[PDB]
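Below are the chains, spelled out letter by letter.
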Amino acid sequence: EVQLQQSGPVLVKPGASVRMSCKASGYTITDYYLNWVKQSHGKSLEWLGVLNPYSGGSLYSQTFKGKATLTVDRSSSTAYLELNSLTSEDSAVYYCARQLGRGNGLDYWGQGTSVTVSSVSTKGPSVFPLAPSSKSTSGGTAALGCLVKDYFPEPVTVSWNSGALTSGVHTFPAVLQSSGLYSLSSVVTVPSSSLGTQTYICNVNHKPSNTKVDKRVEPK
Amino acid sequence: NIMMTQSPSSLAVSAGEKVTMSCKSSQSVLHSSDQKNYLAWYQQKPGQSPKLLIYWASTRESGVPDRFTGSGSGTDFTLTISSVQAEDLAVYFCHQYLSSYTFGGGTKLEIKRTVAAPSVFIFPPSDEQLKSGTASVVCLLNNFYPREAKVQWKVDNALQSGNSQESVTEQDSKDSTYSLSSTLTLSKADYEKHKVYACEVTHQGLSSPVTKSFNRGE
Amino acid sequence: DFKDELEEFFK
(Lines give C-alpha, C1' and ligand atoms only; values in the text may rest on other atoms or scores of the structure.)
Protein backbone atom coordinates (compact mmCIF):
# COMPACT_ATOMS: atom_id res chain seq x y z
CA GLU A 1 0.00 0.00 0.00
CA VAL A 2 1.06 3.63 -0.54
CA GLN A 3 3.00 5.25 2.27
CA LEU A 4 4.69 8.63 2.87
CA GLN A 5 6.91 8.23 5.96
CA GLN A 6 8.15 11.55 7.34
CA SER A 7 10.99 12.06 9.78
CA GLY A 8 10.40 12.69 13.41
CA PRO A 9 9.81 15.78 15.46
CA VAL A 10 12.58 18.28 16.08
CA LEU A 11 13.45 21.23 18.27
CA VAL A 12 15.58 23.95 16.71
CA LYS A 13 16.73 27.37 17.81
CA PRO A 14 15.74 30.66 16.18
CA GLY A 15 18.00 31.48 13.24
CA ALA A 16 18.95 27.86 12.58
CA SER A 17 17.99 25.68 9.61
CA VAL A 18 16.26 22.32 9.59
CA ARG A 19 15.94 19.52 7.02
CA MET A 20 13.19 16.88 7.17
CA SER A 21 12.49 13.85 4.96
CA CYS A 22 9.50 12.15 3.35
CA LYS A 23 10.07 8.56 2.14
CA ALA A 24 7.66 7.12 -0.41
CA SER A 25 6.91 3.43 -0.48
CA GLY A 26 4.29 1.29 -2.12
CA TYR A 27 4.63 3.30 -5.35
CA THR A 28 7.22 4.81 -7.69
CA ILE A 29 8.22 8.20 -6.27
CA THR A 30 8.79 9.77 -9.72
CA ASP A 31 5.18 9.02 -10.78
CA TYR A 32 3.63 11.78 -8.55
CA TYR A 33 4.52 15.34 -7.71
CA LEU A 34 5.19 16.04 -4.05
CA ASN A 35 3.76 19.06 -2.20
CA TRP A 36 4.70 20.44 1.21
CA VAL A 37 2.01 22.06 3.36
CA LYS A 38 2.35 23.73 6.83
CA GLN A 39 -0.27 23.24 9.55
CA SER A 40 0.31 25.83 12.29
CA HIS A 41 -2.78 24.73 14.21
CA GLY A 42 -5.86 22.58 13.59
CA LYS A 43 -7.70 25.18 11.52
CA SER A 44 -4.81 26.31 9.33
CA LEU A 45 -3.10 24.94 6.21
CA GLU A 46 -0.53 26.85 4.13
CA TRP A 47 1.19 25.62 0.94
CA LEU A 48 4.96 25.90 0.63
CA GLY A 49 5.56 24.57 -2.86
CA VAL A 50 5.81 21.46 -5.02
CA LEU A 51 8.65 19.14 -6.12
CA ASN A 52 8.85 17.13 -9.32
CA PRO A 53 10.72 14.05 -8.04
CA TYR A 54 11.48 12.88 -11.57
CA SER A 55 13.30 16.03 -12.65
CA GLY A 56 14.25 17.44 -9.25
CA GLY A 57 12.79 20.85 -10.05
CA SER A 58 10.51 22.76 -7.69
CA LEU A 59 7.94 25.57 -7.74
CA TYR A 60 7.66 27.62 -4.53
CA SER A 61 4.95 29.82 -3.11
CA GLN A 62 6.12 33.42 -3.08
CA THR A 63 5.62 33.21 0.69
CA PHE A 64 8.34 30.58 0.98
CA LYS A 65 10.66 31.30 -1.95
CA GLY A 66 14.19 31.41 -0.55
CA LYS A 67 12.90 30.23 2.85
CA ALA A 68 12.16 26.64 1.82
CA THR A 69 14.30 24.37 -0.35
CA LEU A 70 12.92 21.15 -1.90
CA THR A 71 15.17 18.28 -2.89
CA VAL A 72 14.98 14.57 -3.72
CA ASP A 73 17.07 11.40 -3.51
CA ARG A 74 15.49 9.03 -6.02
CA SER A 75 17.75 6.09 -5.14
CA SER A 76 16.25 5.94 -1.63
CA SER A 77 12.80 7.18 -2.71
CA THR A 78 13.09 10.15 -0.35
CA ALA A 79 12.20 13.84 -0.63
CA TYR A 80 13.48 16.60 1.64
CA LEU A 81 12.35 20.02 2.83
CA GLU A 82 14.95 22.38 4.26
CA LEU A 83 13.83 25.61 5.97
CA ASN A 84 16.24 28.42 6.79
CA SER A 85 16.31 31.49 9.05
CA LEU A 86 13.82 29.91 11.41
CA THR A 87 11.51 31.96 13.66
CA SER A 88 8.95 31.07 16.15
CA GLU A 89 6.34 31.73 13.56
CA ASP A 90 7.83 28.71 11.72
CA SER A 91 6.78 26.22 14.44
CA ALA A 92 4.23 23.95 12.81
CA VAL A 93 3.55 20.49 11.47
CA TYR A 94 4.89 20.13 7.93
CA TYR A 95 3.22 17.57 5.65
CA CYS A 96 4.42 16.07 2.40
CA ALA A 97 1.52 15.22 0.09
CA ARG A 98 1.53 13.64 -3.33
CA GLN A 99 -0.29 14.95 -6.37
CA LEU A 100 -0.60 13.00 -9.63
CA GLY A 101 -0.87 15.97 -11.97
CA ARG A 102 -1.97 19.57 -12.46
CA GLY A 103 -5.64 18.92 -12.10
CA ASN A 104 -5.52 16.53 -9.19
CA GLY A 105 -6.09 16.97 -5.49
CA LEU A 106 -3.47 16.08 -2.87
CA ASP A 107 -4.45 12.43 -2.73
CA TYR A 108 -2.12 11.04 -0.04
CA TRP A 109 -0.53 12.89 2.88
CA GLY A 110 2.39 11.84 5.08
CA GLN A 111 1.94 11.85 8.82
CA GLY A 112 3.64 15.23 9.27
CA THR A 113 6.83 16.38 10.95
CA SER A 114 6.45 18.62 14.00
CA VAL A 115 9.03 21.43 14.10
CA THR A 116 9.28 23.56 17.25
CA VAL A 117 11.42 26.69 17.02
CA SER A 118 12.40 27.85 20.48
CA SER A 119 15.28 29.07 22.60
CA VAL A 120 14.15 26.60 25.33
CA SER A 121 16.29 23.46 25.55
CA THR A 122 14.86 19.99 25.25
CA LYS A 123 13.78 18.18 28.39
CA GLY A 124 12.88 14.54 28.56
CA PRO A 125 9.87 13.37 30.60
CA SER A 126 9.65 11.29 33.65
CA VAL A 127 7.22 8.41 33.21
CA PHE A 128 5.21 7.31 36.24
CA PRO A 129 2.59 4.59 36.50
CA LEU A 130 -1.07 5.34 37.20
CA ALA A 131 -1.76 2.10 38.92
CA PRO A 132 -5.17 0.44 38.98
CA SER A 133 -6.69 0.22 42.39
CA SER A 134 -9.97 -0.11 44.22
CA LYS A 135 -10.51 3.59 43.38
CA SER A 136 -9.95 3.18 39.67
CA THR A 137 -12.59 0.48 39.08
CA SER A 138 -16.08 0.80 37.69
CA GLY A 139 -18.34 -2.21 37.44
CA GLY A 140 -15.75 -4.84 36.61
CA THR A 141 -13.38 -2.49 34.80
CA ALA A 142 -10.13 -1.01 35.93
CA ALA A 143 -8.46 2.11 34.67
CA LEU A 144 -4.68 2.25 34.48
CA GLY A 145 -2.25 4.66 32.83
CA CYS A 146 1.02 6.48 32.68
CA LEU A 147 1.81 10.07 33.61
CA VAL A 148 4.43 11.60 31.28
CA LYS A 149 5.64 14.62 33.23
CA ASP A 150 7.90 17.59 32.57
CA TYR A 151 9.07 17.51 28.93
CA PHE A 152 9.79 19.90 26.11
CA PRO A 153 8.86 20.34 23.22
CA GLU A 154 5.82 18.50 22.04
CA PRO A 155 5.11 15.82 20.99
CA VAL A 156 5.30 12.76 23.25
CA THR A 157 3.84 9.61 21.64
CA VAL A 158 2.41 6.86 23.80
CA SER A 159 1.43 3.37 22.83
CA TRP A 160 0.34 0.43 24.95
CA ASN A 161 1.84 -3.09 24.64
CA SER A 162 3.76 -2.00 21.56
CA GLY A 163 0.51 -1.11 19.78
CA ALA A 164 -1.36 -4.32 20.55
CA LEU A 165 -3.64 -2.51 23.00
CA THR A 166 -5.57 0.36 21.41
CA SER A 167 -9.16 -0.15 22.46
CA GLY A 168 -10.17 1.97 25.42
CA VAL A 169 -7.02 4.15 25.34
CA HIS A 170 -7.20 7.88 25.93
CA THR A 171 -4.01 9.84 25.49
CA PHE A 172 -4.80 13.33 26.59
CA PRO A 173 -3.65 16.63 25.13
CA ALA A 174 -0.61 17.85 26.97
CA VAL A 175 -0.88 20.74 29.44
CA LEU A 176 1.69 23.50 29.64
CA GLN A 177 2.98 23.89 33.20
CA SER A 178 4.00 27.20 34.70
CA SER A 179 7.62 26.01 34.21
CA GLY A 180 7.17 25.99 30.46
CA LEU A 181 7.29 22.18 30.47
CA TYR A 182 4.55 19.88 29.29
CA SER A 183 2.86 16.96 30.95
CA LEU A 184 0.35 14.49 29.67
CA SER A 185 -1.44 11.36 30.78
CA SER A 186 -2.42 8.22 28.85
CA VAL A 187 -4.97 5.82 30.33
CA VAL A 188 -6.78 2.66 29.35
CA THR A 189 -9.71 0.77 30.78
CA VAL A 190 -9.32 -3.01 31.00
CA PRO A 191 -11.09 -5.96 32.70
CA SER A 192 -10.51 -6.05 36.43
CA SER A 193 -10.74 -9.85 36.26
CA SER A 194 -7.56 -10.31 34.26
CA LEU A 195 -5.23 -7.82 35.97
CA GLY A 196 -3.22 -10.83 37.21
CA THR A 197 -2.77 -12.53 33.87
CA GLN A 198 -2.32 -9.57 31.46
CA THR A 199 0.68 -7.28 31.26
CA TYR A 200 0.22 -3.60 30.51
CA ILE A 201 3.23 -1.54 29.42
CA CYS A 202 3.07 2.04 28.23
CA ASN A 203 5.66 2.82 25.57
CA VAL A 204 6.62 6.49 25.73
CA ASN A 205 8.67 8.16 23.02
CA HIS A 206 9.94 11.74 23.17
CA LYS A 207 12.25 11.98 20.18
CA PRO A 208 13.82 15.44 20.86
CA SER A 209 15.23 14.13 24.19
CA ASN A 210 16.01 10.61 22.95
CA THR A 211 13.55 9.29 25.55
CA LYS A 212 12.21 5.83 24.87
CA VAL A 213 10.72 4.36 28.03
CA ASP A 214 8.65 1.24 28.60
CA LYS A 215 6.83 1.29 31.93
CA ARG A 216 5.00 -1.72 33.35
CA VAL A 217 1.82 -0.66 35.09
CA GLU A 218 0.67 -3.10 37.80
CA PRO A 219 -1.97 -2.95 40.57
CA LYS A 220 -0.89 -0.89 43.64
CA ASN B 1 -3.67 35.14 -3.88
CA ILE B 2 -7.12 33.56 -4.13
CA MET B 3 -8.67 33.70 -0.64
CA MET B 4 -10.84 30.80 0.51
CA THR B 5 -13.51 31.36 3.19
CA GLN B 6 -15.44 28.53 4.87
CA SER B 7 -18.61 28.72 6.87
CA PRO B 8 -19.73 27.86 9.38
CA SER B 9 -16.61 27.56 11.45
CA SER B 10 -18.17 24.62 13.30
CA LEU B 11 -21.40 22.78 13.56
CA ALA B 12 -22.78 19.92 15.58
CA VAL B 13 -25.34 17.36 14.45
CA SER B 14 -26.69 14.01 15.54
CA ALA B 15 -25.80 10.92 13.60
CA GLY B 16 -28.04 10.51 10.56
CA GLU B 17 -28.60 14.21 9.89
CA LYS B 18 -27.63 16.02 6.70
CA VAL B 19 -25.07 18.78 6.88
CA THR B 20 -24.00 21.38 4.38
CA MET B 21 -20.91 23.53 4.58
CA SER B 22 -19.84 26.45 2.38
CA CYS B 23 -16.52 27.35 0.71
CA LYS B 24 -16.22 30.66 -1.12
CA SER B 25 -13.31 31.77 -3.29
CA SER B 26 -12.44 35.43 -3.72
CA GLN B 27 -12.19 34.88 -7.47
CA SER B 28 -12.91 32.15 -9.98
CA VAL B 29 -11.08 28.83 -9.67
CA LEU B 30 -12.21 27.75 -13.16
CA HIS B 31 -9.28 26.18 -15.06
CA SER B 32 -9.82 27.20 -18.69
CA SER B 33 -7.98 24.49 -20.59
CA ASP B 34 -10.22 21.73 -19.22
CA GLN B 35 -13.15 23.82 -17.85
CA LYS B 36 -12.68 22.26 -14.39
CA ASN B 37 -13.03 24.11 -11.08
CA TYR B 38 -9.72 23.37 -9.39
CA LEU B 39 -11.37 22.99 -5.97
CA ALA B 40 -10.72 20.09 -3.60
CA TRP B 41 -12.16 19.09 -0.25
CA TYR B 42 -10.26 17.28 2.50
CA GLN B 43 -11.30 15.60 5.73
CA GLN B 44 -8.91 15.73 8.68
CA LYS B 45 -9.88 13.54 11.58
CA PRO B 46 -8.31 14.19 15.00
CA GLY B 47 -4.64 13.30 15.10
CA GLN B 48 -4.66 12.21 11.51
CA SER B 49 -3.39 13.65 8.26
CA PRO B 50 -5.86 15.18 5.78
CA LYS B 51 -7.64 12.83 3.39
CA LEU B 52 -8.74 13.89 -0.09
CA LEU B 53 -12.53 13.67 -0.52
CA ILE B 54 -13.40 15.64 -3.66
CA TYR B 55 -11.51 17.25 -6.53
CA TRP B 56 -12.68 19.30 -9.58
CA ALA B 57 -15.29 20.57 -7.06
CA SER B 58 -17.61 17.62 -7.56
CA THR B 59 -15.63 14.48 -8.41
CA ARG B 60 -15.41 12.04 -5.50
CA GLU B 61 -12.02 10.47 -4.91
CA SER B 62 -11.83 6.69 -5.09
CA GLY B 63 -12.91 5.00 -1.86
CA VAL B 64 -14.79 8.05 -0.55
CA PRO B 65 -18.28 7.06 0.66
CA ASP B 66 -21.20 8.18 -1.49
CA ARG B 67 -22.61 10.33 1.36
CA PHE B 68 -19.97 13.04 0.63
CA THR B 69 -20.92 15.24 -2.32
CA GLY B 70 -19.23 18.37 -3.62
CA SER B 71 -21.10 20.94 -5.64
CA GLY B 72 -20.89 24.51 -6.80
CA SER B 73 -19.38 26.68 -9.46
CA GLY B 74 -18.06 30.16 -9.89
CA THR B 75 -16.97 31.27 -6.45
CA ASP B 76 -19.49 29.31 -4.32
CA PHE B 77 -18.91 25.68 -3.38
CA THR B 78 -20.60 23.29 -0.99
CA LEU B 79 -19.72 20.02 0.68
CA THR B 80 -22.79 18.01 1.69
CA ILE B 81 -22.75 14.97 3.97
CA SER B 82 -26.06 13.30 3.33
CA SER B 83 -26.32 11.25 6.53
CA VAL B 84 -23.65 11.99 9.11
CA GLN B 85 -21.95 9.06 10.87
CA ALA B 86 -20.20 9.21 14.22
CA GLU B 87 -16.86 8.64 12.50
CA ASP B 88 -17.32 11.70 10.33
CA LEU B 89 -16.21 14.10 13.03
CA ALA B 90 -13.30 16.00 11.50
CA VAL B 91 -12.26 19.39 10.26
CA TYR B 92 -13.25 19.73 6.57
CA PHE B 93 -11.06 22.00 4.43
CA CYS B 94 -11.47 23.36 0.98
CA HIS B 95 -8.52 24.02 -1.30
CA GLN B 96 -8.08 25.85 -4.54
CA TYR B 97 -5.20 24.87 -6.83
CA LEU B 98 -5.88 27.05 -9.85
CA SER B 99 -3.27 29.54 -8.63
CA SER B 100 -0.77 29.49 -5.76
CA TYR B 101 -2.44 26.91 -3.58
CA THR B 102 -4.64 28.22 -0.77
CA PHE B 103 -6.95 26.60 1.75
CA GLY B 104 -10.04 27.67 3.65
CA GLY B 105 -9.91 27.86 7.44
CA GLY B 106 -11.90 24.71 8.01
CA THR B 107 -15.34 23.72 9.24
CA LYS B 108 -15.24 21.55 12.36
CA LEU B 109 -18.04 18.92 12.38
CA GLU B 110 -18.94 17.76 15.88
CA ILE B 111 -21.36 15.01 16.81
CA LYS B 112 -24.35 15.30 19.18
CA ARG B 113 -25.45 12.26 21.21
CA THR B 114 -27.35 11.40 24.41
CA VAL B 115 -26.14 12.48 27.83
CA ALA B 116 -23.53 10.15 29.31
CA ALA B 117 -22.22 10.61 32.83
CA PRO B 118 -18.47 10.14 33.36
CA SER B 119 -16.88 7.13 34.94
CA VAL B 120 -14.54 8.62 37.55
CA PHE B 121 -11.21 7.17 38.70
CA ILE B 122 -8.54 8.57 40.99
CA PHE B 123 -4.84 7.64 41.11
CA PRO B 124 -2.47 8.39 43.98
CA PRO B 125 1.09 9.42 43.14
CA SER B 126 3.44 6.59 42.29
CA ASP B 127 6.05 5.60 44.83
CA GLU B 128 8.69 6.37 42.20
CA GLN B 129 7.51 9.96 41.85
CA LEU B 130 7.28 10.41 45.61
CA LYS B 131 10.93 9.36 46.01
CA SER B 132 11.78 12.42 43.91
CA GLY B 133 9.99 15.06 45.99
CA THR B 134 6.71 15.66 44.10
CA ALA B 135 3.22 14.21 44.29
CA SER B 136 0.92 14.24 41.29
CA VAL B 137 -2.62 12.99 41.95
CA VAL B 138 -4.68 12.25 38.83
CA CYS B 139 -8.46 12.29 38.41
CA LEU B 140 -9.89 10.70 35.24
CA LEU B 141 -13.37 11.37 33.90
CA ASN B 142 -14.01 8.74 31.24
CA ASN B 143 -16.39 8.72 28.25
CA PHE B 144 -18.93 11.43 29.05
CA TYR B 145 -21.16 13.76 27.02
CA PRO B 146 -21.60 16.74 26.71
CA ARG B 147 -18.09 18.04 27.02
CA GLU B 148 -18.71 20.46 29.88
CA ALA B 149 -17.54 19.01 33.21
CA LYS B 150 -16.15 20.45 36.37
CA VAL B 151 -13.53 18.94 38.69
CA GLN B 152 -12.85 20.22 42.15
CA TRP B 153 -9.97 18.82 44.20
CA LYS B 154 -10.42 18.49 48.00
CA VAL B 155 -7.73 17.57 50.50
CA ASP B 156 -9.32 16.58 53.82
CA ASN B 157 -12.38 18.49 52.58
CA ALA B 158 -10.43 21.72 51.88
CA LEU B 159 -11.09 23.00 48.37
CA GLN B 160 -7.89 23.35 46.33
CA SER B 161 -7.09 26.20 44.05
CA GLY B 162 -4.11 27.04 41.94
CA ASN B 163 -2.39 23.67 41.97
CA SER B 164 -4.14 21.68 39.25
CA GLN B 165 -4.30 21.44 35.46
CA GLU B 166 -6.68 19.57 33.22
CA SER B 167 -7.31 18.78 29.55
CA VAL B 168 -10.13 17.19 27.63
CA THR B 169 -9.79 14.81 24.70
CA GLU B 170 -11.06 15.30 21.23
CA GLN B 171 -14.44 13.63 20.71
CA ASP B 172 -14.40 9.88 20.24
CA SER B 173 -15.02 8.72 16.67
CA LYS B 174 -17.06 5.68 17.75
CA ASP B 175 -19.15 6.68 20.78
CA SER B 176 -19.02 10.48 20.44
CA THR B 177 -17.87 10.99 24.05
CA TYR B 178 -15.09 13.01 25.72
CA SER B 179 -12.70 12.17 28.50
CA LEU B 180 -10.87 14.51 30.86
CA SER B 181 -7.76 14.22 33.02
CA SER B 182 -6.98 16.55 35.90
CA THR B 183 -3.67 16.54 37.81
CA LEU B 184 -3.26 18.02 41.29
CA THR B 185 0.47 18.65 41.96
CA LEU B 186 1.79 19.03 45.52
CA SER B 187 5.25 18.83 47.03
CA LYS B 188 5.87 15.51 48.75
CA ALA B 189 6.12 17.40 52.04
CA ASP B 190 2.66 18.90 51.62
CA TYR B 191 1.22 15.66 50.29
CA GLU B 192 2.25 13.77 53.41
CA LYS B 193 0.49 16.29 55.67
CA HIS B 194 -3.04 15.13 54.73
CA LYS B 195 -5.17 11.99 54.62
CA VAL B 196 -8.13 12.17 52.21
CA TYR B 197 -7.46 13.12 48.58
CA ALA B 198 -10.67 13.63 46.67
CA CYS B 199 -11.87 14.72 43.31
CA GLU B 200 -15.41 15.94 43.10
CA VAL B 201 -17.02 15.79 39.60
CA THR B 202 -20.01 17.80 38.33
CA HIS B 203 -21.59 16.87 34.99
CA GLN B 204 -24.98 17.05 33.31
CA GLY B 205 -25.50 13.34 33.64
CA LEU B 206 -25.01 13.48 37.48
CA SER B 207 -27.75 14.89 39.68
CA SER B 208 -25.22 15.57 42.51
CA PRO B 209 -21.44 15.73 42.35
CA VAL B 210 -19.64 12.40 42.43
CA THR B 211 -16.61 12.10 44.70
CA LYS B 212 -13.80 9.58 44.23
CA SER B 213 -11.19 9.60 46.91
CA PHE B 214 -8.40 7.64 48.53
CA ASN B 215 -6.74 7.79 51.94
CA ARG B 216 -3.01 8.45 51.56
CA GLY B 217 -0.83 5.50 52.44
CA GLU B 218 -3.54 2.86 52.36
CA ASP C 1 1.37 34.95 -13.21
CA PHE C 2 1.44 32.07 -10.76
CA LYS C 3 -1.29 30.14 -12.56
CA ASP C 4 0.93 30.30 -15.64
CA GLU C 5 3.91 29.07 -13.60
CA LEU C 6 1.90 26.05 -12.41
CA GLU C 7 0.84 25.24 -15.96
CA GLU C 8 4.46 25.21 -17.18
CA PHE C 9 5.68 23.27 -14.13
CA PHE C 10 3.15 20.43 -14.61
CA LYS C 11 3.74 20.16 -18.39
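Everything in this summary refers to the structure shown in the same document.

Some words on the state of the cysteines
Here is step 1: All chains considered together, the criterion is met by 4 disulfides over all chains.
Here is step 2: Linked covalently through their sulfurs, A:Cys22 and A:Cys96 form a disulfide whose S-S length is 2.0 Å. Where A:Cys22 bonds to A:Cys96 through sulfur, the torsion about that S-S bond is close to 75°, and the disulfide is right-handed. Taken as a pair, A:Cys22 in strand 3 (residues 18-25) and A:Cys96 in strand 9 (residues 92-99) lie far apart in primary sequence, 74 residues in all. Across the pair, exposure class does not vary: A:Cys22 and A:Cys96 are buried alike.
Here is step 3: One disulfide bridge connects B:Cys139 with B:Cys199, the sulfur atoms lying 2.0 Å from each other.

Observations concerning the packing of aromatic side chains
Here is step 1: Taken as a whole and assessed by the stated rule, the structure comprises 18 aromatic pairs over all chains.
Here is step 2: Between A:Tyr33 and C:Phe10, the aromatic rings sit 4.4 Å apart at their centres with planes inclined by 50°, giving tilted as the arrangement. Note that A:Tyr33 is positioned in strand 4 (residues 33-41) and C:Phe10 in the segment after helix 1 (2-9), a pairing that runs across two chains. For the pair formed by A:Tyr33 and C:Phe10, the shared burial category is buried.
Here is step 3: Members of the aromatic cluster, joined through ring pairs, are A:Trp47, B:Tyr38, B:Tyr97, B:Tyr101 and C:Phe2.
Here is step 4: Here the basic side chain of A:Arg98 rests over the ring of A:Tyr27, its NZ or CZ set 4.5 Å away from the ring centre.

Rules behind the numbers
- Residues numbered from 1 in each chain as written, not as in the entry; some residues may be left out.
- Chains lettered and ligands numbered in written order.
- Heavy atoms only, no water.
- Residues with missing side-chain atoms left out of burial classes, pairs and counts.
- Disulfide = S-S within 2.5 Å.
- Helix = DSSP H or I, 4+ residues; strand = E, 2+ residues; numbered from the N terminus.
- Buried < 20%, exposed > 50% of the residue type's maximum accessible area, 1.4 Å probe, protein only.
- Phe/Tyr/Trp six-rings, centres within 6.5 Å; stacked < 30°, edge-to-face > 60°.
- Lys NZ or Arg CZ within 6 Å of the ring centre and 35° of its normal.

By themselves, these figures tell us nothing about what the structure is for.
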